[PDB]
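Chemist: sharing the initial chains of the complex here, in place:
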Amino acid sequence: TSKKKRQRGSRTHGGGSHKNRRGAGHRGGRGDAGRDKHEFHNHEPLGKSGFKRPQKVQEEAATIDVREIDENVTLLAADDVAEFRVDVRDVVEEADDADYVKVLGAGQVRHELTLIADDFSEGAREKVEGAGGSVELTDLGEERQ
Amino acid sequence: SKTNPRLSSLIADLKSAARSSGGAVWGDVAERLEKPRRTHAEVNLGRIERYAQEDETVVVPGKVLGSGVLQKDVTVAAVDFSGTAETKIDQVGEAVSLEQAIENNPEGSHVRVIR
C-alpha cells in the first residue's frame, strides 16, 4: 500500500498546517528564483567562466588503452599474427566520426604487439617497447613536428 | 519482495543447507541475496584471477561478468553468469550454478567469497 493511498482522512497530506501548501511563497519564488539572495546555498556564483572555440575547429580523438588491446588478443585473431601485428584503426568503434585514432598507455602489456595508429603517448610506447615490440605510425600521424 | 521465483527458491535452498548441514557460507550468501539488487555482487574475471586459488571454489553472491582475463583453473559459483563470462570460464575452468554447489558441497567447505 503506497503513501499517497493512505493520505485520505489526513486533511493536510503531510503538509503541516493548511496554511503551507499554497503558491510560490512556499517555494520561495518561481523555478530558480532568489538564486543570489536567500537561496545562494548550493548554487554556483554569479559570472562567466572561460571561452569556447568554434565547433568545426574542435578535434575529437578516439581513445583506447593498451589494456583493452592486450586483454583481447586471443579474441582478435582476425588481424595479423607476426613473430602480434594489429591496426588500431580497425579495432576502435566510432572510428568514422572521429578526427584521429590515439592510443593511450594505461594498464599492462603481457604480450608482444606491433601497433599501427595515428597518435601515441609517451606511455603507450614505453609499455610496448619494454615488452618486446614496435610502434609504427600512420601516414596521417605525420603531423607531429 | 523479490519478484523472481527462482531467486526465492535458491535462497530457500541455501537456507536448508545452512541448517541441515554444516554450512556457514550458504546462509551468509542468502543474507546478501535478500538484500537489494544494488548491493549484489557484480564481478568481472579480473578479480577472480587476482584473488582466487586453485582447488578452492569461488562463491559470488550475485552475477559474474566477463571483463578481463582468467588463467587459473578455478571453479566459479554464482547466481548468474553473463554469456561471455561462462565462455571465458569454461575455457580455463568450470562455471557452476550456485544451485549445484549446494548439492555438491552442502557443508560449504574450501570456498572463497568474491565480490
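Modeler: Looks like it came in fine. Residues are numbered from 1 along each chain as shown, chains lettered A, B, ... in the order given.
Chemist: which residue sits farthest out from the middle of chain B?
Modeler: Distance from the centre of chain B peaks at residue B:1, with 21.7 Å (CA atoms, centre = their mean).
Chemist: give the buried residues for the longest helix belonging to chain A.
Modeler: Ranked by residue count under DSSP state H, the longest helix found in chain A is helix A:122-129. Of all the residues in helix A:122-129, those buried under the rule 16 or more other CB atoms under 10 Å in any protein chain shown are A:124, A:125, A:127, A:128. Using the backbone N, CA and C atoms, a C-beta is placed for each residue, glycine as well.
Chemist: same check on stretch B:25-35?
Modeler: Across stretch B:25-35, burial judged by 16+ other CB under 10 Å covers B:25, B:26, B:27, B:28, B:29, B:30, B:33.
Chemist: in helices only, show me those residues.
Modeler: Judged by DSSP H, these include B:26, B:27, B:28, B:29, B:30, B:33 as members of helices.
Chemist: ok, and which of those residues reach chain A?
Modeler: Among these, no residue lies close to chain A (CB under 8 Å from any CB of the partner chain).
Chemist: quick revisit: ok, so of the buried residues of helix A:122-129, who is nearest residue A:29?
Modeler: Nearest to residue A:29 among the buried residues of helix A:122-129: residue A:124, at 52.6 Å, using CB to CB.
Chemist: put chain C onto that model:
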Amino acid sequence: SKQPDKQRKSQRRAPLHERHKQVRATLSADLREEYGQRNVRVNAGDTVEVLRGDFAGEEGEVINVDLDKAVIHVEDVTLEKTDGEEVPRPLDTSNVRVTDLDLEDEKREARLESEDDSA
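Modeler: Let me add chain C to what's already shown:
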C-alpha cells in the same frame, strides 16, 4: 456494428423497407423442404402457429402485420378489455411459425421458388 448501443439504434431507427426483416418467422418442415429457406416475412394472408407465449400451441390466421411497431396480429389470440370487448394481442414473429402460406402475389411466388433470391 458490435456495440449494444449502435445495435438497438439501427433496429429502431430503421427505414420502412428495412423493417421487413424485423417481421420474419420460421417455416415448417414441409415448407423448408419445398422453398429452400428457413424463414419468411409474415404476410396478412398467412396462417401460423404460436411457439412461445401464453398462447403457445394455438393456430390462427395472420390478421395484421404492423411494420412500424414490428409485430403481428393473429386470429383468436385475443385479450378481453374491461367493457367485455376482445382486442388483439400483439405477437412477436420470432415467437411464431408458419404452417401455410399465401401465394396470391406473383412476385412473392417468384421470389420464394428462386434459389438465388430470398423472401
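Chemist: same question on the buried residues of helix A:122-129, but with chain C included?
Modeler: Under the neighbour-count criterion of 16+ other CB under 10 Å, helix A:122-129 has A:124, A:125, A:127, A:128 buried.
Chemist: give the pairing partners of whichever helix or strand comes after that helix; include direction for each.
Modeler: Toward the C-terminal end, the helix or strand that comes next after helix A:122-129 (DSSP states H and E) is strand A:135-137. Strand A:135-137 pairs in its sheet with strand A:114-117 (parallel), by DSSP bridges.
Chemist: out of the buried residues of helix A:122-129, which comes closest to residue C:50?
Modeler: Ranked by distance to residue C:50 (CB to CB), the buried residues of helix A:122-129 are led by residue A:124 at 102.3 Å.
Chemist: need the residues of chain B near chain A, please.
Modeler: Checking chain B against chain A by CB under 8 Å from any CB, the hits are B:67, B:68, B:69.
Chemist: do a quick rundown of the strands in chain C.
Modeler: Using DSSP state E, the strands found in chain C span residues C:24-27, C:39-41, C:47-50, C:59-66, C:71-74, C:78-80, C:86-88, C:96-100.
Chemist: quick one: the residue nearest to residue B:8 when sequence neighbours are not counted from residue B:35, how far?
Modeler: Distances taken as CB to CB, 6 or more residues apart in numbering or on different chains put residue B:2 closest to residue B:8, at 5.3 Å, once the chain neighbours are dropped. The gap separating residue B:2 from residue B:35 is 11 Å, by CB to CB, to the nearest Å.
Chemist: now for chain D:
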Amino acid sequence: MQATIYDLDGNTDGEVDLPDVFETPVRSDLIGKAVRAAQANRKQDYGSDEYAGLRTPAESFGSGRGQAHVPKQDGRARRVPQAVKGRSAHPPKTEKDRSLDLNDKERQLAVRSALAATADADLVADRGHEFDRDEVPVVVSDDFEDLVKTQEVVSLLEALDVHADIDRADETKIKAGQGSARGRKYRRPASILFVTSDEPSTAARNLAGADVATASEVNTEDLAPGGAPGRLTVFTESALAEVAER
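Modeler: Putting chain D onto the chains we already have gives this:
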C-alpha cells in the same frame, strides 16, 4: 526430450525431438509482465472535454450578501469543482501515456518461458484445462492445415482425449457491472491454442475459447493468457521446429 507426432486419425505417426526452448525455466514473473505490457499497449486514450464546466462567465459577488464566495451566474453556481455542473478537478487526460515499454530481450525470454510452460503436464492442469493426457504439448502433422471443417477437428480432439477442455470453455459468464453497457457483456474461459505454420487454422478458430496462431508471431498472450502459464497448445510439425528460433 522427445515429442510424439500424431496423424489426422489420432494414432501415432513417428516422433521428432522436442526443441531446447522447452527446457527454459518457467518464470511467471516475466511472463506476467509481458502480458500486462501487451494489454495496456492496446488501451485507448480517454479524457473528459478540456473546457467542460468552464463554458460560463460566472463570477463571485465578494463579501456582502451573506453567501460563500462561489462563482455564480443567474443564481446558479458554476465552474468550481465543488459546484454541480462544474469542472472536474483532476480529470482523466488525453495527454497521458498509457503505454508500457518493455525491453526486447525480456519479452523474448518471456515468450520462451511461456512456450516452455507448455511442456509440463502438471502446470497445464494447474492453469485449469480439463484433459486426460501424459504427453504435453499435442504434436500434430502438417496435414492439419488442410482441414476445412470444424466438426472434423472435433473428431481429432475427441480421439486425442483433449476435448473435455472445449466442453469446459463452452459456458459463458455474464459479467457483473456496467461493462455490459459498453460491449463487454460476455466472457468465456481461454482454451486450446492451435499453432500452425503457413496460415492460422481457419478450421479451428470457431471452437469455444480457442485462439489460433502461427510460429512466426505466436506471442506471450497466446502462450499464457492473462499472465497465467501453461496453455494446452497443439503445434504443427513445422511449427514446433520454427518456434525454436524465437
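Chemist: quick recheck of the buried residues of helix A:122-129 now chain D is there?
Modeler: Within helix A:122-129, the residues that count as buried by 16+ other CB under 10 Å are A:124, A:125, A:127, A:128.
Chemist: stretch C:25-38 too?
Modeler: For stretch C:25-38, a neighbour-count test (16+ other CB under 10 Å) marks C:25, C:26, C:27, C:31, C:35, C:37 as buried.
Chemist: what's the farthest-apart pair in the residues you listed?
Modeler: Maximum pairwise distance in these, criterion CB to CB, is 13.6 Å, between C:25 and C:35.
Chemist: show me what the spatially most central residue of chain A is bridged to.
Modeler: Nearest to the geometric centre of chain A sits residue A:63, at 9.7 Å (CA atoms, centre = their mean). As for beta bridges, residue A:63 partners with residue A:102 under DSSP bridges.
Chemist: surely it touches residue A:101?
Modeler: No - if you go by CB atoms under 8 Å, residue A:63 and residue A:101 don't touch, sitting 9.1 Å apart.
Chemist: backbone dihedrals for the one residue sitting closest to the centre of chain B, both of them.
Modeler: Taking CA atoms, centre = their mean, the centroid of chain B lies closest to residue B:78, which sits 2.6 Å from it. Main-chain torsions, residue B:78, degrees, to the nearest 10: phi -140, psi 180.
Chemist: doesn't residue B:66 make contact with it?
Modeler: No - contact between residue B:78 and residue B:66 fails when scored by CB under 8 Å: they sit 12.0 Å apart.
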